[PDB]
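Only one chain comes next, encoded as structure tokens, the form deposited in one PDB entry.
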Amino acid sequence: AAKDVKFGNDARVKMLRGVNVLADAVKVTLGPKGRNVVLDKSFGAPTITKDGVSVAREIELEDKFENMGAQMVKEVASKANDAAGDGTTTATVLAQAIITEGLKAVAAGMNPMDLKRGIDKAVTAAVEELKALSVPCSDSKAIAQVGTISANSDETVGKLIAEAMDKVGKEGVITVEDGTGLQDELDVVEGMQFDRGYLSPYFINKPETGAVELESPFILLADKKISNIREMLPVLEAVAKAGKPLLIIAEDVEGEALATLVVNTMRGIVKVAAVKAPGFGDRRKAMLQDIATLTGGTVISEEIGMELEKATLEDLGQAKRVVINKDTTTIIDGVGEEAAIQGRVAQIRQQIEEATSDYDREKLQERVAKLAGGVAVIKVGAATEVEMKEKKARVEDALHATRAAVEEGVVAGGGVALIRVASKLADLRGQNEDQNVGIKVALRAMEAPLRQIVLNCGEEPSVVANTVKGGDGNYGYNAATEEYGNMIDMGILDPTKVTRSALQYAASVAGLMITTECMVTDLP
């Protein structure tokens, strides 16, 4: 009902102090010599963690305006983590630096619009410089190296990732799953992955990764929107009597159907997951047909008179494993005739020759490559099961890091890339002097994360940052060994995508907060 409103400097200082609390909580964990943050748990055993993700997720300030500021910075940091795969702490500390300096400038009387424009100009220049400075990661040796560093110096993990990407390609779909035995088994199976997520997070079976993982499930491919249930209840009865989980891939399943599916899933009487149909228009129908051919089943379409009432087990697609993340889903080893797959890829290639528009042509290349390439599975082997779990988690993290490195490149890790780019961009200027002030704010902000890492290491940050700026290339300061040298030589590297995303999202949130003249929140 009644709401509190803050205008001008009061709202901005509220946001600044909230962001300060969040960044002070998170940034202490940054760096190889990170600090420990105790997250008190109501169950009884407090947890000690050194990752900024958990600390950021667990923070919620009591004051309303402080809470809003901290939560919005946390939201943009989580966006950076979801996109790049890492760099939440770097994004948070960069955002804190930009916000502090920009608010100090605004309080002097600087124009927020020009400050934001200068900050964005500096950030775009920094992204271009990072792209220029990035070391390409295309050789299998470089892939193995990125795998090793991304997995705490494990040659086996890097070798597995490198050979998996060799078999599936740089852009191929590669997934990791638990495997029996001690040795690591790598196999390739016929499957596909389309960028669609679960309609509700209530279907999640693995809270560790938030992935709806299904083993040997049935998939129901519907060409029509589903709102009611009574037309499709026999499908639920059939999958229940079959005893195996069911996957729903329709144009959209929402309303009472989604509600009853979520309720049943929480009840546990039946385990059924629903994911939206990829694409739209005729493309959606084409890829639904592609998935139907992959799974050996058929799609139910209202236009051809095939109702959901007649949908039974014989016309129900079946797979081996299904992994549904927040944004992407993966069907693995869908059982189906190889002749059908060959016919489908041949027909799509034909359509490629008699395609005319470039957009349709590139979409057809994407579809045929995705369908024909398949998905390889890497099975983690270890002596003890807990070791298998930790190794599989490390393999997943290393796979994400390697994928990011392939997508963008590899730069110097430990914040050296950002400070090097900031030193390189010392002479950039904008139209207004306010834009120059904003550019200087951005430069100091990109200098900040290395200073924080050095401060966590215990060394003084000023002289170390000055020495790193004095050098050129990937030369910087190693926090672990307290020595200088080339980061790629020392192996301290991060994907260019991670650094670029952290910088971009910190810039976005800083621009949003600097240009905020009013806050509205519920009354305490």
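Don't overthink the numbering: it's just position in the shown sequence, from 1. For the two forms, the rigid core is made up of the largest set of C-alpha atoms that agree within 1.5 Å on superposition.
We do not show the form deposited in another entry, though everything after this point is about it.
Once the two forms are fitted on their rigid core, between the shown form and the other one the CA displacement reaches 2 Å or more only for 330 among 145, 330, 452, 435. Residue 125 is not among the residues whose C-alpha shifts by 2 Å or more between the shown form and the other one once the rigid core is aligned; its shift stays under 2 Å.
When the rigid core is held fixed, the Cα atom of residue 273 travels 2 angstroms or more between the shown form and the other one. Taking the rigid core as fixed, one finds a CA shift for residue 102 smaller than 2 Å between the shown form and the other one.
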